[PDB]
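Asks: Structure of the sequence below:
(chains A, B, C, D, E, F and G)
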Amino acid sequence: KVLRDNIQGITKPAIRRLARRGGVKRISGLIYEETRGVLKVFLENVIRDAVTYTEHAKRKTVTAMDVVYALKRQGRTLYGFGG
Amino acid sequence: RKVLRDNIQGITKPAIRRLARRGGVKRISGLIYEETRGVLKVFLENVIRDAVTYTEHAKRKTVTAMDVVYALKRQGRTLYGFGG
Amino acid sequence: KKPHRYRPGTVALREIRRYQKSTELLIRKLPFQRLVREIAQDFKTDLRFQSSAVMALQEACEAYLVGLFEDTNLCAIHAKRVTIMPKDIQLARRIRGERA
Amino acid sequence: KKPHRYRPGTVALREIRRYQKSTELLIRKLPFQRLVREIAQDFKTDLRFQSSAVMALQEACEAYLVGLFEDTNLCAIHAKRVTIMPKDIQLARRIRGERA
Amino acid sequence: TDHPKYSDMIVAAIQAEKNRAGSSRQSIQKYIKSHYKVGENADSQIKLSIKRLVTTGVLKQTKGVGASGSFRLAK
DNA sequence: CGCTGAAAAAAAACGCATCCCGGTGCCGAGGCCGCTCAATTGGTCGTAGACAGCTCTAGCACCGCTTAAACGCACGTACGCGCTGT
DNA sequence: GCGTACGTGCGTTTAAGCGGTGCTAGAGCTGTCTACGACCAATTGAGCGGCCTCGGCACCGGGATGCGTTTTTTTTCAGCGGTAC
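Replies: Residues are numbered from 1 along each chain as shown, chains lettered A, B, ... in the order given. Sharing the structure here:
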């Protein structure tokens, strides 16, 4: 459930913590699985691009920069890993 | 002799209805008509401001189709069929 | 014999079907044009406009609003409602990231 | 010698104040890392990552979700509710223009 | 509030509303404030005295269940 | 009326967690210091853009007319909305 | 279940839209003259990687400060249902 299904490593109480930052008071049970689903889709979309940047650099190791360039491409630009 | 009126109200209740009807809207609060005007203003304002700015840069006194497009592109609302 | 009357919402639904299917601009072209120029005068005086540049704006506007309403409508429905209200819009725009 | 008990929602509110004010990442760093690599393997095999490239992702993720929740929360409230539900998210994303 | 009892105020509201469905808790909660004299915990004592005229049988409940809905008297 | 019993409305008492102290270690901001290269100088070359002039697009303004659409009003449904129960 | 805001329809009012007119602002193009920016070559200090040093900030435990929870403490009702005239 946690090794070829690491998604479950996104712990109910961790998702709670996030939503608590979001200013959420009360949280449906169905949400935990929903959130996983979305996070997957997100990381999928980003990493796909990030890797694609790596594949173009003929590297087999993914860099910080690769990620940033990808996040910028998914209109989610990130400061503090070197714009 | 080009000095303008209070034209926002020329956005007619029944015209706004028509739009929302396209939007798939069945029933429409009275307060919405004024709300919509407000938003449309802000929108046209934001766009035109830029569009004019493009014109001011070209030292033209006439605003072109292209000026508008370039502006709408800048407001993540890109427009097809007027070039660019 | 009473005169004939459709029940509240039955003509709305027709209007929807009618306007969804069609593509003609839904704001009257002059009142819009006048509006454009009025707002222009804020940023510079004695401004002229390509007939195409006006129409171009109008297209973008209508489509935007139609968009807004679609989203707004969904905000209304979400509140177990069928009538859009200011608060419905205000939400859409907030999520869309137009206002704060 | 007696039940002392905070009423449902009183600790939530505290938790909010606590986590709003702080900036430390809120997902456990390994379970996340493992997740990253698992998803990587979909697109290419035997891939390495700068320790910074992982952290970088995690930052973006958390912040996104926190964002989503903020918006989701507002979708819930709009329905005269205080409890976020799948349907609340599904709306946010629809308006945000992430899904159809 | 120089008033009758709350077992002869809801009974003096239904006799003045000849309705085949009855008089509701929201057609009674209005009648009590308009005509008679009442305090401020009125809409909370009408309710508390239409569970003590339901379990007994003084007051009959056409469509509803509890204190929300419409009632009328026995015969 | 007092019975009495309900039910609330307050206040005092208990427990709880946060903040502000006290400090004392530890690492990361801060700077010095060594080369290295990336800015600057100075001069030469060519062409991009400003200016004046010339064409003519197309943008604006005026008229009078038809008619589709805007406007207002009056009626009543059905939908927002609040309240109470489960 | 309660109530009025909203959709419908109809009769009255408005001015968009149409096809045309004539007038010229200013769009847009050309050609020429030169002032400005690329290109090179030649010098050199400003800003880089490396490297030391030291105080702020991170904890730690300890003690008040103001929250909140739950319980006792002063307050209504408030309704009967017997009471009394």
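
Asks: so which helix or strand takes in residue 2?
Replies: All of this refers to chain A. Using DSSP states H and E, residue A:2 sits within no helix or strand.

Asks: Excluding chain neighbours, what is closest to residue C:13?
Replies: residue B:26 (6.6 Å; CB to CB, 6 or more residues apart in numbering or on different chains). In short, each C-beta sits where N, CA and C put it, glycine included.

Asks: my bad, residue E:68
Replies: Closest to residue E:68 by CB to CB, 6+ apart is residue E:25, at 6.1 Å.

Asks: What is the neighbour count of that neighbour?
Replies: Around residue E:25 there are 19 other residues, counting by other CB atoms under 10 Å in any protein chain shown.

Asks: Also residue C:7?
Replies: What residue C:7 shows, counting by other CB under 10 Å, is a neighbour count of 6.

Asks: tell me the SS of it?
Replies: coil (DSSP: H, G, I helix; E, B strand; the rest coil).

Asks: Could you tell me how many residues sit around residue C:94?
Replies: 17.

Asks: Which helix or strand contains the residue nearest the centre of chain A?
Replies: Geometric centre of chain A, nearest residue: residue A:43, 3.8 Å, by CA atoms, centre = their mean. Assigned by DSSP H and E, residue A:43 falls within helix A:29-56.

Asks: Provide the strand pairings for the next helix or strand after that helix, with the direction of each partner.
Replies: Following helix A:29-56 in sequence order, the next helix or strand is strand A:61-62 (DSSP H and E). Here strand A:61-62 has these sheet partners by DSSP bridges: strand D:48-49 (parallel).

Asks: so residue A:30 touches residue D:88, yeah?
Replies: No - at 10.5 Å, residue A:30 does not count as touching residue D:88 under the criterion of CB atoms under 8 Å.

Asks: between those two, who's got more neighbours?
Replies: Between residue A:30 and residue D:88, residue D:88 has the larger neighbour count (other CB under 10 Å), namely 26 against 12.

Asks: Would you check that residue E:50 makes contact with residue E:72?
Replies: No - the criterion here is CB under 8 Å, and residue E:50 misses it with residue E:72 at 11.7 Å.

Asks: Find residues that contact each of these two.
Replies: residue E:59 (CB atoms under 8 Å, 6 or more residues apart in numbering or on different chains).

Asks: Out of these two, name the residue with the larger neighbour count.
Replies: residue E:50 (23 against 18).

Asks: Does that one belong to a helix, a strand or coil?
Replies: coil.

Asks: which element is the residue nearest to it when sequence neighbours are not counted on?
Replies: Excluding the flanking residues, the one nearest residue E:50 by CB to CB, 6+ apart is residue E:67, at 5.2 Å. Following DSSP H and E, one finds residue E:67 outside all helices and strands.

Asks: number of nearby residues for residue E:67?
Replies: Neighbour tally, residue E:67, other CB under 10 Å: 15.

Asks: Likewise for residue A:60?
Replies: Residue A:60 has 12 nearby residues by other CB under 10 Å.

Asks: buried ones in stretch A:31-46?
Replies: Across stretch A:31-46, burial judged by 16 or more other CB atoms under 10 Å in any protein chain shown covers A:31, A:32, A:34, A:35, A:36, A:38, A:39, A:42, A:43, A:46.

Asks: was I right about the first one contacting residue D:84?
Replies: It refers to residue A:31. Yes - between residue A:31 and residue D:84 there is a contact at 6.1 Å, judged by CB under 8 Å.

Asks: how near is whatever residue of chain A ends up closest to chain C to chain D?
Replies: Nearest residue of chain A to chain C (CB to the nearest CB) works out as residue A:75 at 10.4 Å. Using CB to the nearest CB, to the nearest Å, residue A:75 is found at 10 Å from chain D.

Asks: who's in contact with the residue nearest to the centre of chain A?
Replies: Contacts of residue A:43 (CB under 8 Å, 6+ apart): D:35, D:36, D:39, D:57, D:61.

Asks: dump the residue contacts of residue 35.
Replies: No chain in the question, so chain A it is. Residue A:35 makes contact with A:10, A:15, A:18, D:65, D:89, according to CB under 8 Å, 6+ apart.

Asks: Which residue, neighbours along the chain excluded, lies closest to the spatially most central residue of chain C?
Replies: Nearest to the mean C-alpha position of chain C, by CA atoms, centre = their mean, lies residue C:65 at 3.9 Å. Leaving aside its chain neighbours, residue C:65 sits nearest to residue B:19 (5.0 Å; criterion: CB to CB, 6+ apart).

Asks: tell me what the longest helix along chain C is packed against?
Replies: Among the segments of chain C that qualify as a helix by DSSP state H, the longest is helix C:51-78. On a contact count with 3 or more CB pairs under 8 Å, 6 or more residues apart in numbering or on different chains; DSSP states H and E, helix C:51-78 meets helix B:13-23, helix B:30-57, helix B:65-74, helix C:29-43, strand C:83-84, helix C:86-96, helix D:51-78, helix D:86-96.

Asks: Now render the ones you listed as JSON lines, adding distance to residue C:71.
Replies: As requested, the helices and strands packed on helix C:51-78 are exported to JSON lines (distance: least, CB to CB, whole Å):
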{"stretch": "helix B:13-23", "distance to residue C:71": "9"}
{"stretch": "helix B:30-57", "distance to residue C:71": "12"}
{"stretch": "helix B:65-74", "distance to residue C:71": "19"}
{"stretch": "helix C:29-43", "distance to residue C:71": "22"}
{"stretch": "strand C:83-84", "distance to residue C:71": "10"}
{"stretch": "helix C:86-96", "distance to residue C:71": "4"}
{"stretch": "helix D:51-78", "distance to residue C:71": "12"}
{"stretch": "helix D:86-96", "distance to residue C:71": "5"}
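
Asks: Dump the ones you listed into a markdown table; add distance to DNA strand G as well.
Replies: Formatted as a markdown table, the helices and strands packed on helix C:51-78 follow (distance: least, CB to the nearest atom of the strand, whole Å):
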| stretch | distance to DNA strand G |
| --- | --- |
| helix B:13-23 | 8 |
| helix B:30-57 | 3 |
| helix B:65-74 | 9 |
| helix C:29-43 | 3 |
| strand C:83-84 | 5 |
| helix C:86-96 | 10 |
| helix D:51-78 | 16 |
| helix D:86-96 | 22 |
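
Asks: who's in contact with residue E:12?
Replies: Counted by CB under 8 Å, 6+ apart, residue E:12 has contacts residue E:4.

Asks: Also residue E:6?
Replies: So residue E:6 contacts E:45, E:46, E:48, E:49 (CB under 8 Å, 6+ apart).

Asks: Distance-wise, check the closest residue to chain B within chain A relative to residue B:63.
Replies: Of all residues in chain A, residue A:75 sits closest to chain B, at 8.8 Å by CB to the nearest CB. Distance of residue A:75 to residue B:63, computed by CB to CB, to the nearest Å: 29 Å.

Asks: Thanks a lot, see you next time.
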